[PDB]
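One structure is given below, encoded as structure tokens.
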Amino acid sequence: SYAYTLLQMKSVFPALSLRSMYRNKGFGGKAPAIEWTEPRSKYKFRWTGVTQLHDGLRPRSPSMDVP
Amino acid sequence: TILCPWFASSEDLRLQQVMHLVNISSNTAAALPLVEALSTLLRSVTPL
């Protein structure tokens, strides 16, 4: 039942990469400094520069590796 | 009788920072990590 076996592993590859990337020690890079436009109901967004990354900005969330 | 030793005098804290300015390079590429270390905390906790 090829399609059923392929369905049971439909979320393996995003869980191995997208759902869990930067849980290691060395973390950095550049990230967009997007700000919410302060009238909240407007749902407007502005790119307001860059944000250099550090180890307090890496995900505190647990990795999806064990499941 | 707890003993939680943390505090230095102001003479001891100012002695450390001069040696911290001695251990640092005097160019613009070594004081750039300091001005952005605080700039990250300025963006982090801000009303504006």
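Each chain of the structure tokens is named A, B, ... in the order shown, its residues numbered from 1; ligands are numbered from 1 in display order.
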Practice item. Kindly determine which residues of chain A lie within 10 Å of chain B, considering only C-alpha atoms, and give the answer as an NGL selection string. Key: :A and (33 or 38 or 51-54)
Writing out the chosen residues with C-alpha atoms as a PDB file, in the first residue's frame:
```pdb
ATOM      1  CA  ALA A  33      13.797  43.385  11.732  1.00  0.00           C
ATOM      2  CA  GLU A  38       1.266  49.856  15.824  1.00  0.00           C
ATOM      3  CA  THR A  51      18.859  41.747  13.229  1.00  0.00           C
ATOM      4  CA  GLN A  52      22.132  39.979  13.901  1.00  0.00           C
ATOM      5  CA  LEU A  53      21.525  36.634  15.541  1.00  0.00           C
ATOM      6  CA  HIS A  54      22.988  35.136  18.694  1.00  0.00           C
TER       7      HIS A  54
END
```
Practice item. Would you list, as a PyMOL selection string, the residues of stretch 5-44 of chain B that end up in alpha helix (DSSP H) under DSSP run on this structure's backbone? Key: chain B and resi 10-23+28-44
Writer output for current selection, C-alpha atoms, as a short mmCIF file (atom, residue, chain, number, x, y, z; two decimals), in the first residue's frame:
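Produced file result-v6.cif, reproduced below:
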```cif
data_model
loop_
_atom_site.label_atom_id
_atom_site.label_comp_id
_atom_site.auth_asym_id
_atom_site.auth_seq_id
_atom_site.Cartn_x
_atom_site.Cartn_y
_atom_site.Cartn_z
CA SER B 10 33.60 50.67 42.66
CA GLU B 11 37.40 50.79 42.64
CA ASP B 12 37.48 47.12 41.68
CA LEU B 13 34.88 47.46 38.92
CA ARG B 14 36.68 50.40 37.33
CA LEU B 15 39.96 48.48 37.44
CA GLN B 16 38.42 45.61 35.48
CA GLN B 17 37.03 47.78 32.70
CA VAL B 18 40.36 49.51 31.99
CA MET B 19 41.91 46.08 31.56
CA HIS B 20 38.85 45.20 29.50
CA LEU B 21 39.73 48.22 27.35
CA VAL B 22 43.35 47.07 27.38
CA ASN B 23 42.45 43.54 26.26
CA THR B 28 36.30 50.36 15.16
CA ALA B 29 35.89 46.62 14.55
CA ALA B 30 36.32 45.76 18.25
CA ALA B 31 34.04 48.39 19.78
CA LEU B 32 31.34 47.55 17.24
CA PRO B 33 30.37 44.38 19.22
CA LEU B 34 29.77 46.53 22.30
CA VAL B 35 27.53 49.12 20.65
CA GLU B 36 25.41 46.36 19.09
CA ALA B 37 25.30 44.27 22.28
CA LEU B 38 23.40 47.14 23.86
CA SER B 39 21.53 47.91 20.62
CA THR B 40 20.10 44.39 20.65
CA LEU B 41 18.85 44.93 24.20
CA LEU B 42 17.52 48.35 23.20
CA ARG B 43 15.40 46.81 20.45
CA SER B 44 14.44 43.94 22.74
#
```
Exercise for review: Can you list, as a list in words, all residues belonging to chain A that DSSP tags as strand (DSSP E or B)?
Suggested key: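 Across chain A, those assigned strand (DSSP E or B) are residues 30, 31, 32, 33, 34, 35, 36, 45, 46, 47, 48, 49, 50, 51 and 52 of chain A.
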Check your understanding: What separation in Å, quoted to one decimal, exists between atom CA of residue A:65 and atom CA of residue A:10?
Key -> 15.0 Å
Check your understanding: Quick one, how far is atom CA of residue A:35 from atom CA of residue B:46?
Key ->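 Distance reported for this atom pair: 12.2 Å.
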**Study point:** Pick from A:3, A:31, A:9, A:15, whichever lies nearest to residue A:63 using only C-alpha atoms
**Key:**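 For residue A:63, the nearest of the candidates is A:15.
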Practice item. Extract, using only C-alpha atoms, all DNA, RNA and protein residues at most 8 Å from residue A:59, discarding same-chain residues fewer than 3 positions from it, and format them as number ranges by chain. Key: A: 22-23, 62
Review point. Just how far from atom CA of residue A:55 is atom CA of residue A:28, in Å to one decimal?
Key: 7.2 Å
For residue A:12: contacts at 10 Å, only C-alpha atoms, fewer than 5 positions along chain excluded, given as an mmCIF file with N, CA and C atoms, in the first residue's frame:
```cif
data_model
loop_
_atom_site.group_PDB
_atom_site.id
_atom_site.type_symbol
_atom_site.label_atom_id
_atom_site.label_comp_id
_atom_site.auth_asym_id
_atom_site.auth_seq_id
_atom_site.Cartn_x
_atom_site.Cartn_y
_atom_site.Cartn_z
ATOM 1 N N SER A 17 14.244 19.027 8.937
ATOM 2 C CA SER A 17 14.907 20.277 8.596
ATOM 3 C C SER A 17 14.135 21.510 9.041
ATOM 4 N N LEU A 18 12.912 21.727 8.548
ATOM 5 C CA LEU A 18 12.245 23.007 8.782
ATOM 6 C C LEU A 18 11.808 23.161 10.230
ATOM 7 N N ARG A 19 11.216 22.115 10.798
ATOM 8 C CA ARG A 19 10.743 22.162 12.171
ATOM 9 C C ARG A 19 11.872 22.181 13.197
ATOM 10 N N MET A 64 12.461 18.389 16.785
ATOM 11 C CA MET A 64 11.561 17.330 16.354
ATOM 12 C C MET A 64 12.302 16.055 15.988
ATOM 13 N N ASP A 65 13.520 15.877 16.494
ATOM 14 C CA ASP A 65 14.371 14.779 16.060
ATOM 15 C C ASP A 65 13.939 13.453 16.676
ATOM 16 N N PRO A 67 10.850 12.486 18.009
ATOM 17 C CA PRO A 67 9.636 11.876 17.437
ATOM 18 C C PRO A 67 9.764 11.477 15.977
#
```
